[PDB]
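In: below: the sequence, then the experimentally determined structure.
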2 protein chains.
Amino acid sequence: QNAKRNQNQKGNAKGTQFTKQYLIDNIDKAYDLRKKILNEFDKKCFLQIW
Amino acid sequence: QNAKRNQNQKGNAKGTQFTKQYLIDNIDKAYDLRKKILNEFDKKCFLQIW
């Protein structure tokens, strides 16, 4: 006797992570996110004298 | 009795990752991405005197 097989096959996978961290000292770095863009207009667009 | 086998075989795989990170201090490095190319014209193409 003869015998032939044909195992066709496929997979799939879709991982996802959403890890958030909360170190303490990030708010220290986040104190001036808008300050250095707001005084940029003082540096380049407004008369910095009385 | 005799017996012969012939297991032909092949595979495939196509991985992919798309991990994005968001460190905080990258925007500090990204504050002046255009500034150092924009004042480059002041350095090399415009009369830097009154």
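Out: That came in fine, so what should we check first? Numbers count the residues shown, from 1 in each chain, chains lettered A, B, ... in the order given.
In: which parts of chain A sit against chain B?
Out: By C-beta under 8 Å from any C-beta of the partner chain, the residues of chain A that approach chain B are A:26, A:29, A:30, A:33, A:36, A:37. All C-beta spots, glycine's among them, are computed from the backbone N, C-alpha and C.
In: try it again at 10 Å.
Out: By C-beta under 10 Å from any C-beta of the partner chain, the part of chain A that sits against chain B consists of A:1, A:3-7, A:9-11, A:13, A:15, A:17, A:20-21, A:23, A:25-30, A:32-33, A:36-37, A:40.
In: contacting residues around the longest helix anywhere in chain A?
Out: Across chain A, the longest stretch assigned as helix under DSSP state H is helix A:35-44. Residues from elsewhere that reach helix A:35-44 (C-beta atoms under 10 Å, 6 or more residues apart in numbering or on different chains): A:32, A:46, A:48, B:28, B:31, B:35.
In: who are the contact partners of the second one?
Out: Remark: with contacts taken as C-beta under 10 Å, 6+ apart, residue A:46 is in contact with residue A:39.
In: gap between it and chain B?
Out: 18 Å (C-beta to the nearest C-beta, to the nearest Å).
In: which helix or which strand is home to that residue?
Out: Per DSSP states H and E, residue A:46 falls between elements, in no helix or strand.
In: could you do the third one as well?
Out: Remark: residue A:48 resides in no helix or strand, with elements defined by DSSP H and E.
In: excluding chain neighbours, what is closest to it?
Out: Using C-beta to C-beta, 6 or more residues apart in numbering or on different chains and skipping the chain neighbours, the partner closest in space to residue A:48 is residue A:42 (6.2 Å).
In: against chain B, how distant is residue A:24?
Out: 12 Å.
In: count of neighbours near that residue?
Out: 6 (other C-beta atoms under 10 Å in any protein chain shown).
In: what sits against it?
Out: Going by C-beta under 10 Å, 6+ apart, the list of residues near residue A:24 is empty.
In: that one: what secondary structure?
Out: coil (DSSP: H, G, I helix; E, B strand; the rest coil).
In: same question for residue A:9.
Out: coil.
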